Amino acid sequence: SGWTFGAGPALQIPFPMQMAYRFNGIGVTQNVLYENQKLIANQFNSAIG
Amino acid sequence: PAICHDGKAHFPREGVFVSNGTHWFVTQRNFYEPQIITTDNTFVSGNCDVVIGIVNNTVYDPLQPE
Ligand SMILES: *[C@@H]1O[C@H](CO)[C@@H](O)[C@H](O)[C@H]1NC(C)=O
C-alpha cells in the first residue's frame, strides 16, 4: 500500500508504480525506472543478499 | 504504467492513468478527478518496447482540429 496506510485507509498499488513515485520524489523522472526496471531489481537482490 | 499511441510511450506528467472499464483517463493521486488524455497531461520518452505493462490507447491533440 505504499505510505498511504500511515495517514488514512490503506490503498493498494502495484510495487513498480510505488517505486516510480519514490524515484519521482528525489528528482529523477519515473521513465528512468521503467526503462531500467530489471537491472534495478538485481541491484536490490544483491544488496540484501 | 504507460500508454502507447503511435510507436511512442507516454508517461503522466503528474498523476496516474485509470480506467472505468471502457475508456482511459488521467487523474490525481489523492482525489478522484478524471480528465482527457491529451498531449499536455503527458510527456513522451521511449520506444514502446521496453516498458513492462504498456497498453494500447489513443491520446488527443488539441491543435489538429484547429
Ligand atoms: C498495440 O498496437 C500495435 C499497433 O497497432 C499492435 O502491433 C499491437 O499488437 C497492439 N497490442 C495489443 C496488446 O493489442
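Indices start at 1 and increase along the chain as displayed.
The header says electron microscopy, 3.2 Å.
The backbone N, Cα and C atoms fix where each Cβ goes, and this holds for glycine too.
Copied over from Swiss-Prot:
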DISULFID  B:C4-B:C48  disulfide bond
CARBOHYD  B:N20  N-linked glycosylation site
CARBOHYD  B:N56  N-linked glycosylation site
- In whole Å, how far is B:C48 (disulfide bond) from B:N56 (N-linked glycosylation site) when you measure between their Cα atoms? 10
- Task: Measuring Cα to Cα, tell me the gap between B:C4 (disulfide bond) and B:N20 (N-linked glycosylation site) in whole angstrom.
- Result: 18
- Check each residue in the chain of B:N20 (N-linked glycosylation site) that is at least six apart in sequence and keep those whose C-beta is under 8 Å from its C-beta; list them in sequence order. none
- What recorded positions in B:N20, B:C48, B:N56 place CB under 6 Å from ligand 1? B:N56
